[PDB]
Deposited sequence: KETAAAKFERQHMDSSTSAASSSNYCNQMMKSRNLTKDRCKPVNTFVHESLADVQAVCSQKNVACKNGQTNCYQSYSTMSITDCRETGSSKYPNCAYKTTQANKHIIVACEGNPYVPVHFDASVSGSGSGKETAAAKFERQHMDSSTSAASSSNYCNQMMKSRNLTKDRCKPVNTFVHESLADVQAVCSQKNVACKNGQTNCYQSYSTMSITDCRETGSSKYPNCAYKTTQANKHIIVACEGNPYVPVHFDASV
């Protein structure tokens, strides 16, 4: 009795190779992964990243699924993938595939506790205007973990969230709570923002957060950060309809 999570790993995870080696990669992989047992599965994608990196996508950019469901997520970073497309001459049981290597953003459907990938929805190339709300989630939300597990957390997250692309963002906080919990802050204690505007809100409760601050010797493009885990109230600026966070003002 294969779990949906396990099925996704069998069909879409290749955490053993950084990329497709041979034009026969798909020919071998589709067979070994049982995607040609009772029929030649026409098309399939394998992801060449750690299971951790792929599972992490479930806490990244929320997008509508092709089927209309709302539990799809697009990766902030492009990933190494291999598309497998059955050839025209392919004929079961000797299923034959065209192997195609690329680096694209992936979109996966997520379910469960833990919240993990259960379907592969699409791949995307990607300018791309970001809503203020989406930017807040990219810069300040890390629902994938309850706290920083090591001192390298910020080094990795500041990079993976694209906060070091052109320069090292000196200071940044990630919040380890549900998006619903953070969005609820916009209906809590109204306070002034640092800038004197009054669309800021302090969370009634303390929250698990990770403070990232560039070290004194950090120099682009070699961004280095000190990681500090804490439990503090957060203060966010909220805007729009739905009324959601668009800036991280402070923690207290």
query	finding
Deposited-sequence segments unaccounted for in the coordinates	127-128
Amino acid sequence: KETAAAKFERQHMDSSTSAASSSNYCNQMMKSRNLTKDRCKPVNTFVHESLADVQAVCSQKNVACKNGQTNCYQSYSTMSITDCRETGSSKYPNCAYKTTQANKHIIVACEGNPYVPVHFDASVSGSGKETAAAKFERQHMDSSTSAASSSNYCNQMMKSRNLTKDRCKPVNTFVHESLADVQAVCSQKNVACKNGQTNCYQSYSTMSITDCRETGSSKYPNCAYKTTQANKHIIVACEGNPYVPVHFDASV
From here on, numbers count along this sequence of modelled residues.
query	finding
Mean C-alpha temperature factor, higher of 104-112 and 145-153	145-153
208-216 versus 183-191 - which carries the larger mean C-alpha B factor in the record	208-216
Largest Cα B-factor, entry values, listed residues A230, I234, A20, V244	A20
Criterion, highest CA B-factor; candidates, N94, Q74, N172, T131	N94
Entry-reported Cα temperature factor of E9, expressed as the chain third it lands in	middle
Position of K226 among the chain's modelled residues by C-alpha B-factor, lowest, middle or highest third	middle
Ranked C-alpha temperature factor of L163 among modelled chain residues, by third	middle
Record-listed C-alpha B factor of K135: chain third	middle
Cα B factor band for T70 (lowest, middle or highest third within the chain)	lowest
